[PDB]
Asker: 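Have a look at this one before I ask anything.
When a ligand or atom number is given, it counts from 1 through the structure's own listing order. Position 1 is the first residue of the sequence, and the numbers go up from there. Values below: all heavy atoms of this structure, side chains included; hydrogens, waters and symmetry mates excluded.
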Amino acid sequence: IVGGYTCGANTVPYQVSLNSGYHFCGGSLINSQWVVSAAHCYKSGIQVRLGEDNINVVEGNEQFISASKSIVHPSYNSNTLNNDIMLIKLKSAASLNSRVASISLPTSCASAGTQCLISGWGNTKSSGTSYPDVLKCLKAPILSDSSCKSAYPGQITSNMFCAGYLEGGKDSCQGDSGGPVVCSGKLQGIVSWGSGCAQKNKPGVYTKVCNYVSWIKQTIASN
Ligand SMILES: [Ca+2]
């Protein structure tokens, strides 16, 4: 996250870290056994870390749970990042408490101008590299589809939206991928892509979760 703030310990209780020997992507806990992330975060041998604030220190609230299966969206296109969404099932159920809690899926798509909360452990610089150990947060509005398509001509599908600041300076970034965009207390987006981080006229692009709710519900009910 570039230009954001320190969330504060366990104030984003649905945020997870995906760990393959190191943190590599974020995700969101949607119930006690399932995490949503980005398909471009796929790898084998994922461990899901819940209840994290400082990813480099054991603080006492964490639950570390191996993934039993990963399900990438059947229409995911790694070239265009269309349908950049994946489900991860945990080998055993998480214990839900005040520090580890699920986020609701949307019944409805969010509106342009809605302020959302984006979070993660990704790079905090627009130029250069500095990774935080504690969870960072950013509030950002959803942009109109026309300003989104203007920013990334020919690259925005109906399964994507833009959120951020056309002036630049504030954005998600590498390492935030897979993480939550929460608007009005529902998961509306997944950190997906963008051109650099926090660049002028290049806002963040997010998977539009409201398009996937049927697939998520059907998949969880059969796996
Ligand atoms: Ca920790």
Asker: Restricting to N/O/S atoms, is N54 within less than 3.0 Å of the Ca ion (ligand 1) or not?
Answerer: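 For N54, the answer is yes, given that an N, O or S atom comes within less than 3.0 Å of the Ca ion (ligand 1).
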
Asker: Please confirm whether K136 makes a cation-pi placement over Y5, using NZ or CZ under 6.0 Å from the six-membered ring centre and within 45° of the ring normal.
Answerer: no

Asker: Test of geometry: compute the angle OE2(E62)-the Ca ion (ligand 1)-OE1(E52) and round it to 10°.
Answerer: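 Answer comes to 100°, rounded to 10°.
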
Asker: Taking the six-membered ring of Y165 (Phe, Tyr or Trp), confirm whether the NZ or CZ of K170 is under 6.0 Å from its centre and within 45° of its axis.
Answerer: yes

Asker: Going through the checks in order, is the side-chain hydrogen bond (donor to acceptor under 3.5 Å, both in side chains) test met by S119 and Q15?
Answerer: CA-CA 8 Å; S119 51; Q15 176 80 47; 2.7 Å; yes

Asker: Check each of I85, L81, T207 against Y76 using the side-chain contact (heavy atoms from CB on, under 4.5 Å) test, and report the only one that passes.
Answerer: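 Filter result, single survivor: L81.
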
Asker: So, is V57 placed with an N/O/S atom under 3.0 Å from the Ca ion (ligand 1), counting both backbone and side chain?
Answerer: yes

Asker: Which N/O/S atom belongs to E59 and is the closest one to the Ca ion (ligand 1)?
Answerer: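 In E59, the N, O or S atom with the shortest distance to the Ca ion (ligand 1) is OE1.
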
